[PDB]
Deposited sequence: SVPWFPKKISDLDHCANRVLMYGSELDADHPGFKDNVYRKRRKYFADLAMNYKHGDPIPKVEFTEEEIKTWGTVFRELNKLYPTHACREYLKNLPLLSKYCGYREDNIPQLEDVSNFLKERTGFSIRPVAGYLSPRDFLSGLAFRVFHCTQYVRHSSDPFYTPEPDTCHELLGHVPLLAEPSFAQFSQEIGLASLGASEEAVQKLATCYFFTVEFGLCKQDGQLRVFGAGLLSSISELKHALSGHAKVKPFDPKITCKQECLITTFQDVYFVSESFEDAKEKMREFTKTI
């Protein structure tokens, strides 16, 4: 039989660790509970609760934003660079202001039909990919601990807003993402793992070749000052994106990646994934 999967957008309704650097910080710990409760209480159709971020949270965002913006012009793909200024104009991307999930959700709705729902923390690859099928991106709302703004193994709102949002605003990329989600719905465990891995080494950590140069489109790179620099250093190993090979690569979840895969274009990666999903 087929495992349960969402058939409508509202069906997504039905889908701190003590060693976290911020656990021993009382305000960090308490605010994380606050963010977790907002996500848990959320139901499809609700406006995403807007949060008044603290000075410390804004300072961390500010550091991340300031340094990443120095790198984007030379490191990010053109699609990313095309869309970032629109977000800054319409959604309040500033060094001293954290954009709200509700604002970026509404921006994406009008651009590509993408929307956001808040998530408390970890969700399964199956669940996350299932959201993409409805052009729904599950986003965290909290900010990374101040101790390391340059890289965190835990995705935070900086990652969602600076890593993902500017590309979700691009029609070709939104289509590519949705198609992974669609392929995942009710798929076998093996199929989901393979799809999740291809997602990881494209949407999350992908590089592309644009006018002969390597650029990054991977959200996990676009939100990490240190890994973004590392990816294009270039002391990093690079391979051509090839789903039948890429899907077998181990996804590293507490370190920099060991390898980055290069796609020719969003359209090309989409086509390769189309051919690949037929085989699984």
| property | result |
| --- | --- |
| Ranges of the deposited sequence (numbered from 1) for which no C-alpha atom is modelled | 16 to 25 |
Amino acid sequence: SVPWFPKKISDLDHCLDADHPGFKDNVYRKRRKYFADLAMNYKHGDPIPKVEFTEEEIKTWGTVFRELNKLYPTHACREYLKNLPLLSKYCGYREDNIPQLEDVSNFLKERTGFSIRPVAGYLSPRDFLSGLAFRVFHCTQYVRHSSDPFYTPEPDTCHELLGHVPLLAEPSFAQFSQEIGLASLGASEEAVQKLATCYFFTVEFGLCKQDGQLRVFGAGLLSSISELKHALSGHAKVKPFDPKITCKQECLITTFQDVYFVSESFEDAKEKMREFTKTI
From here on, numbers count along this sequence of modelled residues.
| item | value |
| --- | --- |
| Entry-level comparison of average CA B-factors, 228 to 236 and 43 to 51, reporting the higher stretch | 228 to 236 |
| Between 238 to 246 and 64 to 72 (mean CA B-factor, as deposited), the higher | 238 to 246 |
| Candidate set 145, 159, 194, 89 [ranked by C-alpha B-factor, highest] | 89 |
| Among modelled residues of the same chain, the CA temperature factor third for residue 175 | lowest |
| Within-chain third of residue 217 by Cα B-factor, per the entry | lowest |
| Third of the chain's Cα B-factor distribution that residue 124 belongs to, per the entry | middle |
| Third of chain Cα B-factors occupied by residue 208 | middle |
| Residue 188 CA temperature factor, ranked by third within the chain | middle |
